[PDB]
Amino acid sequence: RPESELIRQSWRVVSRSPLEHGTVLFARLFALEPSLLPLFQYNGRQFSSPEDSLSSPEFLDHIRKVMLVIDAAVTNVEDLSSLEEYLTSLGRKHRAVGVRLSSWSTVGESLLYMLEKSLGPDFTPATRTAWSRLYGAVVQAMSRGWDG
């Protein structure tokens, strides 16, 4: 595949400042779906507003965790199945936190938003398509975490 290098090359820019870029992702996420804000429970309390989350060291640590998992997916873009068991457990964890299957689509849109804003003219339709495919594979693995 050639869209693997598309992924690697587009990730390079954002991966140098992962907290700054992940902050865009989460600000976008809460703008689109405010009901995700209460899922964070640090110190047994709920954030009132999205800007409250940005003041929380624990919340910012989670942004770094998110960006590191995406980095693992990019690293293994030609061979994701290697992350399947890890992602299944990560999905199970998030289901327990309260994330629902539908919310992963909003996370996906927030990731694409953050890439679009960072890459500008370099966010080509092929780049969008490559990322949608990679993210979709990640969500498919995480969704194995759920049970029916």
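One-based numbering along the sequence shown.
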* Asked: Between 109-117 and 92-100, which has the higher average C-alpha B-factor in the PDB entry?
  -> 92-100
* Structure fact -> Once average C-alpha B-factors are taken from the entry for 26-34 and 40-48, the winner is 40-48
* Asked: Looking at 10, 17, 140, 132, which has the highest CA B-factor as recorded?
  -> 10
* Asked: According to the PDB entry, is the CA B factor of residue 59 in the bottom, middle or top third of its chain, that is, lowest, middle or highest?
  -> lowest
* Asked: Sorting the chain's CA B-factors, does residue 67 end up in the lowest, middle or highest third?
  -> lowest
